[PDB]
Each structure stands twice: as structure tokens, then as C-alpha cells.
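First, one chain by itself in C-alpha cells, the form deposited in one PDB entry.
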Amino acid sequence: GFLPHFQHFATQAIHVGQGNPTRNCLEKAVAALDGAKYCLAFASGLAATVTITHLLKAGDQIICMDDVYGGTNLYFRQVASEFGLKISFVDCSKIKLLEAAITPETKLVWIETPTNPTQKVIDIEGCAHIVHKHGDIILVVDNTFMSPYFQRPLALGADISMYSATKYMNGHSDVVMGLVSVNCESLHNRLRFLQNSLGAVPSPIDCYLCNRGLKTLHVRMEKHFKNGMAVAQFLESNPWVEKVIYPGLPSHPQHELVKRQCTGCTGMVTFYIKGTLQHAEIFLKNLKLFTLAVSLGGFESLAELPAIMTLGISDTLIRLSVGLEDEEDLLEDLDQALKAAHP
């Protein structure tokens, strides 16, 4: 059994909110969903990330969750380099390694769960209890790969929960957002000053369309979960799949952590096709419903071979972003394409 879904969530998304009034209402809304007293809207998740780092001073160290196969490590390096900050990347799925890597100059720790695309799950409050045991170190959790609907990092010990809205989310509505939620009273003040004085803020239209999208997040994510679960279960029992990686499955090496840390899972399913690279690539060309794309989220089910679209990652590793179509149609498409790769 997972964590029970957060109370008043859907009610809050729909009713909460109903200077910059549109942004103010959005921040008021999101803060509720994040189980927070405060929230700040920025022009993008990246801009949100930069602002958070501006809380630090030259010489201070950041420790980041090591994103091996994603590209995000670069972006953090460029920011740290730009503002004279020390940075280090650690596999925080191994809680020892994090604790071992902390210095007295460590002031910020950044965490993504689950990781993309191999989906390792990081114990948030495990990390939080390690981070807060000595010194004052801000713990930030990138809450993008789950939603506020499935994961609440603030109620888990993190000091900051950042959610990045991309142009692909909510049926490809071209909304881009960096949403920073915090329960600390000093943190909100400093961030708020940074927000208004640096101007990295969304437009009123962005704020409106983002707020609008939130109102259907729960029913959307549920279907993502429902379909994802189905797709994962099907793939795992399929004779042409080596193995499957999906946090909602008991087969997942961190499944027990997931159930106590989250209320559900997204439509992001990773699996390993049997055979070599060229079965994986035949498979991809036989999909008639799944669309080939590197993006994440959306109403349409997406498929990706990260080994070719971006030591190297597995050529048999495939990452699906399961959409909102009929479960059967998805299963049938996968079944057909898998069969096409193994005559």
C-alpha cells in the first residue's frame, strides 16, 4: 500500500486563488498543493534552479545527485562555474556516499527522484536527516519527475521543493515554469527578494495557463499511473522483454521506499528489450500508436531509445512516457511491435 493521497489536493487546485494577481493566485495555489506556506513562480525550472543557487556565496559547495545518463549535470556545472561555486556529484541512492561527501562548506544539496531514465529512487528524508544533522544545509528536491500529486518533498524533510513545468506538459500547452515551494520564513524572504529584483519571472499568461492546467492534474496523473502500471505489468510478463524498471512494481529494487515516499507513480516506464540494439530499433519502427520522441509527459504515449537519442547506456534500454489513451490500444501496439522484432 502506498501513502494515502494528500488531502484537499484536488479541491485546492480547483478553488485556491478563486502586484501581479495572476502569479499571486498561482503561487497561492501551488503552495497548497506542495503542502507549503510559500511558493514562488519563475520563468523556468532552470531559472528557478539558478535563483536557489544565488542563496549561496562564492566558495560555498553544492552536492548534486549524480545524473549519469541525463544531461543535467552540465547545467549545474555551468551555473557553479558562473558564480564561483564548488560542486560535486554523488549517487545519493547510497546514503553513506552522501554523508561521506559532506564538507563544512556544503551549503546546498540537490536531489531528483526518480532519476532519468534508469529511475533510481532517493530516500528523501534519509537524505534530509543526514543533511540536517550538522550545519545549516538547504536540501532541495527536484519534484518534476513526480508531481506534487504523487510526491511531497516538504512533508518529507526537504527545505525546498522545485517543480519544473515544461512546454510539453498538460497536453503540450506551451507553459514554462519554475515553481519553488518552501516552509522556511527566512528562505521565502530571500527568494522573494531575488525573484522581484532579478526579473526571471513568468508572464501573466503563463501564470494563468499554468494555474488552469493544475485543476486537472489529479485526474490526469491518475490515468498516467493506471496506464503506466498496466504497461509495466504487461512488459514484465512479456517473453521478449529482458526486464522492466517501474517504481510501481514490486520488481523494482526500491519499491518499498517508493510506497512509503510516494502516493503513486507516473507514466514513465523503462524496460530492456531482449536481444541486441537492432531488435530495439526494429521495435521502435513498428510502433503505430506510440510516438518516437525524447520529450517527457503529454497526452500521447511516447517512446525513446536514449542510447541513440541525445560509459554508455544500454542499447536495449527503452524509456516510455505512457499517455492517456486506452490501456488496451497501448498494450496491443507494444505487443505487435515486440512480435515484429522477433519473427
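C-alpha atoms forming the largest set that superposes within 1.5 Å between two forms make up the rigid core. Counting begins at 1, following the sequence as shown.
If you look for the form deposited in another entry, you will not find it shown, but the lines that follow are about it.
Core-superposed comparison between the shown form and the other one: among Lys226, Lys259, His129, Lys167, the single residue whose C-alpha moves by 2 Å or more is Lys167.
The Cα shift for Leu235 between the shown form and the other one, taken after rigid core superposition, is smaller than 2 angstroms.
Once the rigid core is used as the reference frame, the Cα position of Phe42 differs between the shown form and the other one by 2 Å or more. Comparing the forms between the shown form and the other one, the C-alpha position of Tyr272 differs by less than 2 angstroms, with the core used for superposition. Compared with the form shown, the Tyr69-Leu317 C-alpha separation increases in the other form, the change being 3 Å or greater. Between this form and the other one, the CA-CA gap for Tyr69 and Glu281 widens by 3 Å or more, being larger in the other form.
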